[PDB]
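K.L.:
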Amino acid sequence: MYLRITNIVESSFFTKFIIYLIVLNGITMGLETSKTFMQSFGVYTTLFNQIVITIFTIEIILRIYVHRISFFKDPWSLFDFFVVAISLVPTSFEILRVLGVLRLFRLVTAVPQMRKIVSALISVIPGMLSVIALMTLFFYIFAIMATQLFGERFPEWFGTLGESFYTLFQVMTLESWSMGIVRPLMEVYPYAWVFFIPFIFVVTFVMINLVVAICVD
Amino acid sequence: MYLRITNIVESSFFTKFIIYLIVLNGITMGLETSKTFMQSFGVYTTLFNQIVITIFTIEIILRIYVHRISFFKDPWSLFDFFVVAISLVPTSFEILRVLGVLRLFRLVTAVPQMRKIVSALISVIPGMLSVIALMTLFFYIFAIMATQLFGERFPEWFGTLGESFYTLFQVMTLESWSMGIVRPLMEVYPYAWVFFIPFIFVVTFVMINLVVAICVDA
Amino acid sequence: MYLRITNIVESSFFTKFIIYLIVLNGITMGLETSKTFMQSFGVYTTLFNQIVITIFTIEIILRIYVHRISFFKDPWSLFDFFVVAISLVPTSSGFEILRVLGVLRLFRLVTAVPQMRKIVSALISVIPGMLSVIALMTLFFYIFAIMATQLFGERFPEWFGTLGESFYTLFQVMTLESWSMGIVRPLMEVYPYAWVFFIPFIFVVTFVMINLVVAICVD
Amino acid sequence: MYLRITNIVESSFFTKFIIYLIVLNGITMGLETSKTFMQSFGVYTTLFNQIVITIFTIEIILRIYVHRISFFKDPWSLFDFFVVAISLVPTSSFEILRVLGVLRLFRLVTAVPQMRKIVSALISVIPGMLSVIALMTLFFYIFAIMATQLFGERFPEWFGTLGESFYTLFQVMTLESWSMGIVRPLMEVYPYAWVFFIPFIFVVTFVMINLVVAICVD
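Protein chains in written order, with PDB author numbering: chain B, 1001 to 1092, 1095 to 1219; chain A, 1001 to 1092, 1095 to 1220; chain C, 1001 to 1219; chain D, 1001 to 1093, 1095 to 1219.
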């Protein structure tokens, strides 16, 4: 019976079908948003999710036996598997349902062309780790400082290695960094800009290089 | 009578005179802006609009007879047709009068060099369709996620897949995303930062490669 | 006697000396910022300023005769010339902003200096390959600045009361600065579909902005 | 004794050990961030800091005698030297050195190699920019000067001093709340103020671009 089921999972019919449910549950998950709607046909819908999830589980279960050890070294179906397993994680923390919406990323898994444009991006990740690790330590060394400078008067923003990491990141984005965060800060600590215009130059400079680093390909 | 209009239509003056009329009315419509202007000379103007509106029909009719099928596979001319039809609709939704202003774009269509710099731009879109579509899926899988997260206390921003799409887009543009959206939210949802800091990395990450792609895809 | 003064103007030191005065006027203009400075040394200071402008007119005049028809074919010296002439114009006859643009003669630093003359000149050469684009933008702006004004100028005169205000506001949206909270979401209170206007504009104007650089790393 | 400390300094483990200890106090200082932590094992900590502060003194003294002048031509070792002396300077009587004590966590880049590199790569890009930077600085200067004696009158918070102007300009340069926050206000009082800031913005933005392509060209 082994060679029987082998024909099912990868038929032209199957993949398009899994894809189909994906776009469907994709849609279906997009409708499960409307409140007007659910009072009319809400039940009609909710079933289909488990359906897709079960099929996607069947798909995910089938995809398992035929490949055996082969299924468990691929990002995509494991993705789907999580995406399915997440989506399989029973209907009641509640985000699995939500990450169940990632099962609409199974669209990325079940559909070609998507798989490619995705993998093309990642190939760039390796050349940046040198830079990223720098950033995280860089942010961290600063997450330590901001906290023990500005946590005095500004506990919302720099009270915590957490909040300082947050607020710093926001300044990195240059979002309300001045009017929203620094000009306030400078009211209490007249010399704060010596921390931030540099933080801004530095992190501004670095981020750029990472890109030139990218345009190495 | 066939071969008559073809030399007119394909004449240097034709190209140059159509272009002439455009620049005329482009000015004219920047004038239809002043209220100061219209209660005095509204008459003189509105007419010239119906005037220009008419000639360009001839041109399009002439260019139609002259190219026949050659015209309606011409983006530049196809555009022309549409951007013409809009302005002809009678004088009273009132937005059409306004869309009547789009007619200043045939200036891109009718003038050489313009057809070209634009075509250069559009031609890049094919290398992007893959990404946009991913984004759109990404945004959607996420506007879905955000909406089935934040619409209770924050119906203004995330009440609808729409405002979520919008807000996400707004967050995407990075305009007031933290002080304005994440920090309020965090007044109520302390770990909201785990949703938006990643969406921000990803939606940003993706946008990046896309540009080196352009500079690299050449 | 012509070649006498001619050899002088083009001396290594002359070049070295004009460059010098620029930096002087550069600084002296920088201390007239402090009221402390002036209430002590308003006398001491203001006097020193007429000195340089005349000299810079002199250089400009010398550079004129020594070069004749050639001087007013020199941007830098013309710059200088105006920058000097700008800097030359009297202290009260009209509007009072002229005293200041003399500070552009501190751009004469860019004019008198060789390595600076260059880096500045390096930037400019990029322009020929882009003119194609800016003009499209400029047009693009015009076509949109027009629409917004006769759309949102009824209710939003601060931002869109005038084709001017619209250009401004459109420009602001372009930078994505407070574009949503500050402008689009407001608009949307009265005109609910405005996002259909701006998301594309934001889509398009941003797009155009991108291609223009690849063109640069192409030139 | 000359040769005794030499194998230690350039040994794999010493390198790994200093490197190791770095990760320790780094964690330790990251815990010196938590107010929570300091009252239980702060002793364990504040002490361990002198522990770390003392051990690391050995290393630099070792590396110095071992390298003598070879030490003070190593940017990387010089930093090591500089960033240590700071951590040694006492607890009283402006209090920020204590805070600067946290910079000794950058030695993780120095003692470790591929970090020494990524740093040098970024730095290497900088020289092709001095021509630019200097212009900026001059440009800013010619412009920061102009602004202060204009708007320090009605808007002294932003432009009362050549300094606040520099700050505000860089803020305008970074484009944060530059419009709603600064120019539109200015225009309520100085109707034509808008003529100054769009140019600084084009230019200073312009300059910044070349600097990238200048970089992406280098």
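We put the CB at the ideal spot given by N, CA and C, even for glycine.
1. Going along chain B in order, which residues have a C-beta closer than 9 Å to the C-beta of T1149 of chain A?
2. Show which residues of chain A have a CB atom less than 9 Å away from the CB atom of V1213 of chain B.
3. Where does the unbroken alpha helix (DSSP H) through residue 1094 of chain D begin, and where does it stop?
4. DSSP on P1075 of chain D, reduced to helix/strand/coil?
5. Using a Cβ cut-off of 9 Å, pull out every chain C residue sitting near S1180 of chain A, in sequence order please.
6. Ignoring anything shorter than 3 residues or poking outside the region 1080-1160 of chain C, list the beta strand (DSSP E) runs there in chain order.
7. Would you mind reading off the limits of the alpha helix (DSSP H) that contains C1217 of chain C?
8. I believe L1170 of chain C touches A1145 of chain C by the beta-carbon criterion, under 8 Å. Please report the beta-carbon distance rounded to the nearest angstrom.
9. Does DSSP classify residue 990 of chain B as helix, strand or coil?
10. Please tell me whether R1105 of chain C and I1022 of chain C are closer than 8 Å, where the distance is taken between their beta carbons.
11. Could you tell me the alpha carbon to alpha carbon distance between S1125 of chain C and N1211 of chain D, rounded to whole angstroms?
12. Between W1159 of chain A and chain B, is the shortest Cβ-Cβ distance under 8 Å, so that the two count as touching?
13. Counting only Cβ pairs nearer than 8 Å, list the residues of chain B close to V1133 of chain A.
14. Counting Cβ pairs closer than 8 Å, one from the region 1052-1067 of chain D and one from the region 1009-1019 of chain D, do we hit at least three?
15. Relative to the C-alpha of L1151 of chain A, which residue among B:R1099, B:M1001, B:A1112 and B:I1053 is closest?
16. Do you know offhand how far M1137 of chain C's Cα is from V1205 of chain C's?
17. Could you compute how far the alpha carbon of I1183 of chain B sits from the alpha carbon of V1173 of chain B?
18. If you measure from the beta carbon of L1104 of chain A to each beta carbon in chain B, is any gap under 8 Å?
19. Could you tell me whether any Cβ in chain C is nearer than 8 Å to the Cβ of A1085 of chain A?
20. In or out: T1091 of chain C buried (at least 16 other Cβ within 10 Å) or exposed?
21. Under a three-way DSSP split, which group does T1162 of chain C fall into?
22. Run through chain C and tell me which residues come within less than 9 Å of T1175 of chain A, C-beta to C-beta.
23. When the distance is taken between beta carbons, is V1110 of chain A closer than 8 Å to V1120 of chain A?
24. Comparing alpha-carbon positions, which option in B:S1166, B:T1006, B:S1132 and B:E1096 lies nearest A1215 of chain B?
25. In chain D, which residues lie less than 9 Å from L1170 of chain B when you measure between Cβ atoms?
26. Does the separation of the CB atoms of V1218 of chain A and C1217 of chain B fall below 8 Å?
27. Candidates A:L1139, A:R1108, A:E1189 and A:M1147: which alpha carbon is nearest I1018 of chain A's?
28. Going along the chain, which residues of the region 1181-1196 of chain C sit with their C-beta nearer than 7 Å to a C-beta in chain A?
29. Would you mind giving the Cβ-Cβ distance between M1181 of chain C and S1178 of chain A, rounded to the nearest angstrom? I have them listed as a contact below 8 Å.
30. Report the rounded CA-to-CA distance for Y1168 of chain B versus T1028 of chain D, giving the unit in angstroms.
31. Select from A:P1075, A:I1097, A:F1072 and A:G1102 the residue whose C-alpha is nearest the C-alpha of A1085 of chain A.
32. Cβ closer than 8 Å: which chain A residues qualify as neighbours of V1126 of chain B?
33. With a cut-off of 8 Å on the beta carbons, I'd call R1063 of chain C and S1077 of chain C a contact; round off their distance for me.
34. Can you grab the Cα-Cα spacing for the pair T1036 of chain B / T1149 of chain A, in whole Å?
35. Using the three-state DSSP reduction, which class does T1206 of chain B fall into: helix, strand or coil?
P.N.:
A quick look at the data gives this:
1. Neighbours of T1149 of chain A on chain B, chain order: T1033.
2. From the beta-carbon of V1213 of chain B, the residues of chain A found nearer than 9 Å are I1210, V1213 and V1214.
3. A gap in chain D, from 1093 straight to 1095, means residue 1094 of chain D has no coordinates in the model shown.
4. Judged by DSSP in its simplified three-state form, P1075 of chain D adopts helix.
5. Correct list: empty, because the minimum Cβ distance to chain C is about 12 Å.
6. Listed in chain order, nothing qualifies, since the region 1080-1160 of chain C has no complete beta strand (DSSP E) run of 3 or more residues.
7. It is not in any alpha helix (DSSP H) - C1217 of chain C carries neither H nor E in the DSSP assignment.
8. Confirmed, about 5 Å.
9. No answer is possible for residue 990 of chain B: the residues shown for chain B start at 1001 and end at 1219.
10. Yes, the pair counts as a contact, with Cβ atoms nearer than the cut-off.
11. Their backbone Cα atoms lie some 11 Å apart in a straight line.
12. Among the residues facing chain B, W1159 of chain A is not included, as its CB has no counterpart in that chain under 8 Å away.
13. Result: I1119.
14. Segments in contact, yes.
15. Per the Cα distances, B:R1099.
16. Rounded to whole angstroms, the separation of the alpha carbons of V1205 of chain C and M1137 of chain C is 8 Å.
17. So the alpha carbons of these two residues sit roughly 8 Å apart.
18. No, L1104 of chain A lies away from the interface with chain B (no Cβ there is under 8 Å from its Cβ).
19. In terms of beta-carbon proximity, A1085 of chain A stays away from the interface with chain C, with every pair separated by 8 Å or more.
20. Looking at its Cβ environment, which holds fewer than 16 other Cβ atoms inside 10 Å, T1091 of chain C is exposed.
21. Assigned with DSSP and collapsed to three states, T1162 of chain C falls in coil, not helix or strand.
22. Within 9 Å Cβ-Cβ: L1176, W1179, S1180, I1202 and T1206.
23. Note that the C-beta distance between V1120 of chain A and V1110 of chain A is below 8 Å.
24. Among B:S1166, B:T1006, B:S1132 and B:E1096, the Cα nearest to that of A1215 of chain B is on B:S1132.
25. Ordered by position in chain D, no residue passes the 9 Å Cβ test against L1170 of chain B, which lies about 13 Å from the chain.
26. Contact: yes.
27. In terms of Cα proximity to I1018 of chain A, the closest of A:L1139, A:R1108, A:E1189 and A:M1147 is A:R1108.
28. Listed by position along the chain: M1181 and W1195.
29. Contact flag correct, Cβ pair sits at about 5 Å.
30. A straight line joining the alpha-carbon of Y1168 of chain B with that of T1028 of chain D spans about 21 Å.
31. Considering only alpha carbons, the answer is A:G1102.
32. Result: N1211.
33. That belief holds up - the Cβ atoms of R1063 of chain C and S1077 of chain C are roughly 5 Å apart, short of 8 Å.
34. For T1036 of chain B and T1149 of chain A, the distance between alpha carbons rounds to 15 Å.
35. Note: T1206 of chain B maps to helix in three-state DSSP.
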